[PDB]
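Below you'll find the structure, written out as structure tokens, and then a few comments.
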Number of protein chains: 6
Amino acid sequence: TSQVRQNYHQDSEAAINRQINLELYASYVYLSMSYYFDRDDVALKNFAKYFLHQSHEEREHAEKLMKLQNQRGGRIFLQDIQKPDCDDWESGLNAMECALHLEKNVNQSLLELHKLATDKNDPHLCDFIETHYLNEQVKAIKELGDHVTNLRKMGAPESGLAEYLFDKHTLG
Amino acid sequence: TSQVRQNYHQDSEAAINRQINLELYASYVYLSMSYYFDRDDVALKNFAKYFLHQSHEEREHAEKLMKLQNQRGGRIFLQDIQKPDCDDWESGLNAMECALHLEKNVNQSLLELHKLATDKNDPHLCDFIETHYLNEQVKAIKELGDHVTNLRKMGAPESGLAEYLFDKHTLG
Amino acid sequence: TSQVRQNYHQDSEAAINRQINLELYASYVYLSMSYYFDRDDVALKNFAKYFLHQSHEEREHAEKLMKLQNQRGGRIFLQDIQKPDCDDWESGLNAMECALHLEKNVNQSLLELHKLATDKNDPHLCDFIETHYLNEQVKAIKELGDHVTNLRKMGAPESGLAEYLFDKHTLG
Amino acid sequence: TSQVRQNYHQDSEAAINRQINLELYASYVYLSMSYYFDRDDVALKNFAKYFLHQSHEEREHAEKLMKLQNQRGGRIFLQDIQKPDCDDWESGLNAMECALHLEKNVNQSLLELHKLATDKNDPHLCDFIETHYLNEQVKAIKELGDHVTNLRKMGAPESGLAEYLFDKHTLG
Amino acid sequence: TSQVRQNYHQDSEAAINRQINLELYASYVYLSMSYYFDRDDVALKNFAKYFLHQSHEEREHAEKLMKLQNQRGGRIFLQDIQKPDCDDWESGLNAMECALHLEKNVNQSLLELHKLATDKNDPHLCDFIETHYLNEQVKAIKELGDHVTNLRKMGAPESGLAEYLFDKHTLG
Amino acid sequence: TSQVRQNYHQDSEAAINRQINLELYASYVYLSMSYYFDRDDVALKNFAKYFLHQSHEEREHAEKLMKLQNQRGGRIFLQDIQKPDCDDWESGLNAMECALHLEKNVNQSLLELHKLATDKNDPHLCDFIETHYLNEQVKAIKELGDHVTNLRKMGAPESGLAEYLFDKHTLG
Ligand SMILES: [Ca+2]
Ligand SMILES: [Ca+2]
Ligand SMILES: [Ca+2]
Ligand SMILES: [Ca+2]
Ligand SMILES: [Ca+2]
Ligand SMILES: [Ca+2]
Ligand SMILES: [Ca+2]
Ligand SMILES: [Ca+2]
Ligand SMILES: [Fe+3]
Ligand SMILES: [Fe+3]
Ligand SMILES: [Fe+3]
Ligand SMILES: [Fe+3]
Ligand SMILES: [Fe+3]
Ligand SMILES: [Fe+3]
Ligand SMILES: [Fe+3]
Ligand SMILES: [Fe+3]
Ligand SMILES: [Fe+3]
Ligand SMILES: [Fe+3]
Ligand SMILES: [Fe+3]
Ligand SMILES: [Fe+3]
Ligand SMILES: [Fe+3]
Ligand SMILES: [Fe+3]
Ligand SMILES: [Fe+3]
Ligand SMILES: [Fe+3]
Ligand SMILES: [Fe+3]
Ligand SMILES: [Fe+3]
């Protein structure tokens with residue numbers, strides 16, 4: 001047992017390790033989406049930048065969980081990072097809809113992590129989740145909802161003009 | 001024979017002279033396209049700037065081949081610069097499609113030049129082509145593909161609104 | 001077939017996709033090594049920074065291959081990123097030795113990629129590999145060899161004083 | 001007929017198109033002369049710069065005529081650019097003498113263009129020629145005459161010392 | 001065998017060691033030429049500076065090959081540096097002609113080195129030669145040809161006025 | 001006989017020529033030592049810098065003797081530069097000990113040169129040696145003695161920790 005470990009339940013340590021893999025997976029999903037929009041037959045360069053930025057942020061989220069695991073005296077155990085669900089993401093609106101779905105799934109896992117930390121009376125882990133993850137997830141979900149709404153209202157995905165102008169005026 | 005000539009095959013010298021004429025021709029094609037978009041009944045001023053810039057670049061490419069010919073001790077032999085295929089380039093999308101076609105033909109000629117230099121064991125000429133021409137061609141072709149894709153998706157060429165907005169937001 | 005594809009063999013496209021996964025894996029290995037040295041019972045903070053930097057570089061290498069795949073008109077196909085071989089990397093010297101081994105394996109795969117591009121007469125892909133990958137690999141391998149040599153000569157891994165001072169004076 | 005066309009005779013439009021080709025040809029002649037002096041067995045680097053600058057200026061003159069053609073509502077029709085008369089220009093003095101001859105021929109064509117515009121009562125085209133072309137031609141011819149005179153008086157072309165010092169002290 | 005050595009043939013290692021000695025020899029030749037022009041009965045101070053600069057560059061070329069030898073895990077083996085062919089270099093034109101001859105011999109050895117690296121499928125060594133040596137040699141040979149041409153045309157070596165003015169206006 | 005020669009004995013001229021070769025040899029020895037410490041299995045980067053700097057200084061010393069030879073109206077006669085005694089210099093302490101030995105041998109030759117100039121009543125050559133060489137040699141020998149002393153006292157060469165820390169704290 002680690003000389004620094006205090007009030008850190010084995011279930012919490014394992015759930016943090018599962019959260020680490022989920023953030024790496026989400027980073028990988030966003031990376032896949034980014035270079036889809038870099039294709040010569042898709043060619044939405046700000047969609048590609050937007051998702052690449054989201055990819056780097058998710059990987060930063062994963063590294064902060066790895067730091068937290070070591071701060072509390074747990075041990076990081078890494079798993080395979082699963083390849084994303086699709087190779088072809090269809091359209092800008094479809095990608096935005098899949099990102100919304102992904103962020104709500106990450107949010108669900110974070111809420112279950114908070115429930116477990118509360119059940120194990122770990123207020124430091126509760127505050128860690130609240131300070132660095134919960135409002136970031138709410139903000140991301142609201143922003144992705146806004147984007148989906150505007151794209152639908154503009155006439156995406158049938159209107160290629162809509163996705164072109166959204167890429168210019170909202171993501172540029 | 002020139003006091004500087006070394007490991008420079010007569011076939012290479014002749015192929016460089018053919019490449020010089022092809023770059024001048026491509027410069028001329030882009031010049032023709034540029035002032036088509038300067039017509040009062042076409043009036044896409046950023047299409048005109050885009051192709052004028054491409055015209056000057058191609059002529060710079062030709063001058064660097066002329067410098068290389070003299071660097072290796074060959075002798076420049078110039079030919080007529082053929083007038084371009086069309087006087088009327090139809091639309092922004094059609095011009096972009098003809099430029100893509102032209103750049104792939106220039107790229108094909110450069111690859112045959114690289115094959116010949118490899119067959120004649122001229123590593124200096126091989127590296128010259130690779131450093132200054134091959135990735136520039138790949139970048140140009142990818143960018144022209146992107147442009148063609150966006151214009152088609154926007155509804156060009158029937159939509160004059162699409163070509164107007166592309167001129168503003170991508171080429172401006 | 002992509003409007004930009006030219007002189008890009010199907011075998012090359014597939015090998016680039018394999019190289020993309022290998023660089024992501026190496027990024028993951030370095031990430032694992034980094035947070036090993038962040039453990040409270042290891043506590044070599046510059047070893048941790050060194051490997052975290054290597055992790056980010058490898059992921060940049062992967063993204064440049066993804067950009068190249070799209071530049072040539074191939075299609076990125078992603079695979080699972082395998083979890084690294086070890087969870088516990090033993091010591092600073094052992095980690096450096098595993099990194100040396102990993103970089104030589106990445107280098108071997110890059111050389112086989114160059115052989116294939118030469119066999120398919122793809123000079124653009126040959127120069128891409130040479131310009132961005134081959135000398136970077138040689139430099140990394142030489143630097144990791146230097147580090148392994150100094151650590152061994154200092155008396156690592158039995159001397160914890162050696163790894164402490166190496167962390168301060170070479171990696172700090 | 002173009003919505004902007006006014007007081008622009010069909011003969012003027014055709015003569016402008018002929019002037020456009022003559023300026024492109026003169027640009028090509030100067031380009032050929034420039035890289036002659038870049039040869040390792042000629043090696044007069046300021047002669048080469050002088051003629052390269054003249055080459056770029058002539059091409060700017062051609063582009064301003066293309067702009068004028070569109071400003072008046074005519075239609076540009078391009079022709080082949082004929083390869084220059086010589087491949088080998090003999091000496092610095094001989095090149096200067098051929099440039100003088102070429103500029104006087106361009107000047108003659110411009111004066112016939114002015115006569116035609118006067119005969120067709122096109123004062124805008126008359127002033128265009130006078131403002132941008134006539135005094136530029138007179139200045140170029142006077143400067144080329146000066147150069148020919150100094151080179152002859154110095155003992156060119158038999159004196160290679162004369163052409164060396166002229167390149168240094170007048171063109172450098 | 002070195003822990004860093006990979007894909008580095010014994011023949012390549014030996015040829016690099018021969019190239020190292022050839023660059024040191026050329027550095028020595030240029031050093032000898034430099035101080036010839038520093039003699040009170042020769043007294044061409046810019047000829048002396050020009051060749052001293054070339055001497056330092058060649059020694060930098062030798063040191064970069066020594067660095068490359070260690071980067072690839074070969075072992076440097078040094079040989080005597082032979083004294084140059086002449087003690088008395090006759091005239092500025094004669095020295096320039098001997099330098100041209102020397103640079104073409106160095107270039108020949110570099111091309112044979114590139115052939116060997118290609119025959120041993122060492123793309124890293126091929127690119128090393130191309131990036132740092134081949135175009136530098138072509139540039140040096142072209143510049144020395146230019147100098148020889150101007151000196152001959154000026155009337156060197158019988159005209160001591162020509163070598164005086166070349167020293168002032170080209171090398172000063 | 002040179003128009004500038006005055007009070008310059010033939011024996012002095014010959015001894016200066018021998019001193020020129022000895023300084024070039026010492027420059028070569030230091031160059032060899034430098035890249036020994038650049039080896040991946042030695043890897044003392046400040047030892048390598050220290051000896052490379054000493055290499056450049058010795059070559060500057062040789063060039064100042066060549067300038068002096070011409071200043072006095074003697075004639076430089078160059079000899080082969082002998083390859084250094086060892087290819088493998090064993091350790092940092094062994095290299096420092098060989099450098100000390102080499103500098104004392106160079107110093108001995110300089111003192112014999114001063115004796116000869118005194119015997120030939122050449123006060124200008126006596127002062128040249130004293131101003132530029134004698135105290136530089138004494139300083140170099142004292143500094144190399146200091147280094148040898150510290151390395152021995154630290155436990156070099158058996159202690160690889162000592163050579164590592166000396167490289168960091170004294171030569172870095
Ligand atoms: Ca799967
Ligand atoms: Ca025709
Ligand atoms: Ca596994
Ligand atoms: Ca290359
Ligand atoms: Ca003809
Ligand atoms: Ca007027
Ligand atoms: Ca000899
Ligand atoms: Ca010997
Ligand atoms: Fe997240
Ligand atoms: Fe899987
Ligand atoms: Fe998020
Ligand atoms: Fe081009
Ligand atoms: Fe024709
Ligand atoms: Fe191009
Ligand atoms: Fe990598
Ligand atoms: Fe697995
Ligand atoms: Fe690497
Ligand atoms: Fe003109
Ligand atoms: Fe013709
Ligand atoms: Fe003019
Ligand atoms: Fe060299
Ligand atoms: Fe000898
Ligand atoms: Fe050189
Ligand atoms: Fe010395
Ligand atoms: Fe010997
Ligand atoms: Fe010294």
Side-chain angles (χ1 to χ4, degrees), chain C residues 12 15-16 19 22 26 61 93-154 156, chain E residues 1-17 19-20 23 60-78 107 110-139:
Chain C
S12 296
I16 286 300
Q19 195 65 33
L22 182 58
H61 295 174
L93 170 63
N94 188 70
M96 275 309 167
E97 267 163 355
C98 284
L100 177 56
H101 182 83
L102 165 77
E103 293 290 349
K104 281 176 98 144
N105 277 338
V106 171
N107 195 30
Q108 197 47 66
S109 171
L110 284 158
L111 296 169
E112 293 171 345
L113 191 35
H114 193 285
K115 171 87 200 133
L116 167 78
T118 298
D119 282 11
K120 301 302 182 192
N121 304 288
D122 193 335
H124 170 267
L125 183 57
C126 282
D127 198 56
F128 178 86
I129 304 301
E130 293 157 20
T131 305
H132 305 289
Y133 288 81
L134 293 187
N135 196 52
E136 290 304 318
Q137 279 317 106
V138 161
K139 266 148 80 213
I141 290 155
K142 173 65 159 64
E143 163 175 303
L144 287 162
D146 291 354
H147 290 345
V148 168
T149 292
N150 279 287
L151 280 164
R152 283 181 181 142
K153 252 143 180 304
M154 284 159 92
Chain E
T1 172
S2 155
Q3 68 189 328
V4 314
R5 197 187 181 116
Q6 191 175 17
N7 195 34
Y8 196 49
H9 197 281
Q10 274 181 17
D11 294 354
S12 296
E13 172 177 4
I16 286 300
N17 275 329
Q19 195 65 33
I20 286 163
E23 309 286 356
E60 251 166 62
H61 295 174
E63 292 176 5
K64 178 183 298 113
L65 289 157
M66 300 179 67
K67 174 192 193 47
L68 170 91
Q69 187 78 286
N70 281 345
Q71 278 179 309
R72 296 299 299 274
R75 289 305 164 242
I76 303 163
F77 285 107
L78 298 172
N107 195 30
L110 284 158
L111 296 169
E112 293 171 345
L113 191 35
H114 193 285
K115 171 87 200 133
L116 167 78
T118 298
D119 282 11
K120 301 302 182 192
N121 304 288
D122 193 335
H124 170 267
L125 183 57
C126 282
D127 198 56
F128 178 86
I129 304 301
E130 293 157 20
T131 305
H132 305 289
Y133 288 81
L134 293 187
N135 196 52
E136 290 304 318
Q137 279 317 106
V138 161
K139 266 148 80 213

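Values below: every heavy atom of this structure, side chains too, minus hydrogens, waters and symmetry copies. The chains referred to below are lettered A, B, ... by the order of the sequence lines, with proteins before strands, and numbering in each begins at 1.
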Exercise. Which pair of heavy atoms, one from C/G145 and one from E/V4, lies closest together, and at what distance?
Worked result: CA-CG1, 4.1 Å

For this session: Check whether any side-chain heavy atom of C/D127 lies under 4.5 Å from a side-chain heavy atom of E/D127, and answer yes or no.
Result: yes

For this session: Answer with side chain, backbone, both or neither: which region of C/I141 has an atom nearer than 4.5 Å to a non-hydrogen atom of chain E?
Result: both

For this session: Starting at CD of E/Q6, measure out to CD of C/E103 and round the result to the nearest 0.5 Å.
Result: 10.5 Å

Exercise. Do the side-chain N and O atoms of C/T149 and E/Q3 include a donor-acceptor pair separated by under 3.5 angstrom?
Worked result: yes

Exercise. Do the side chains of C/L134 and E/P123 get nearer than 4.5 Å, heavy atoms only?
Worked result: yes

Problem set entry | E/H132 atom NE2: more than 12 heavy-atom contacts under 6.0 Å | yes

Exercise. To the nearest 0.5 Å, how far apart are CD in C/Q108 and CG in E/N7?
Worked result: 7.0 Å

Exercise. Any donor-acceptor pair under 3.5 Å linking the side chain of C/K142 with the backbone of E/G73?
Worked result: no

Exercise. For the atom pair CG (E/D122) and NE2 (C/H114), what is the distance rounded to the nearest 0.5 Å?
Worked result: 10.0 Å

For this session: Give a yes or no on whether E/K64 atom NZ has more than 12 heavy-atom contacts from other residues, nucleotides or ligands under 6.0 Å away.
Result: yes

Problem set entry | Value rounded to 0.5 Å, distance of CD in C/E136 from NE2 in E/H124 | 9.5 Å

Problem set entry | Student check: side-chain heavy atoms of C/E130 and E/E130 closer than 4.5 Å | yes

For this session: Name the option with the most non-hydrogen atom pairs under 4.5 Å to chain E; the candidates are C/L100, C/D146, C/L144, C/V148.
Result: C/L100

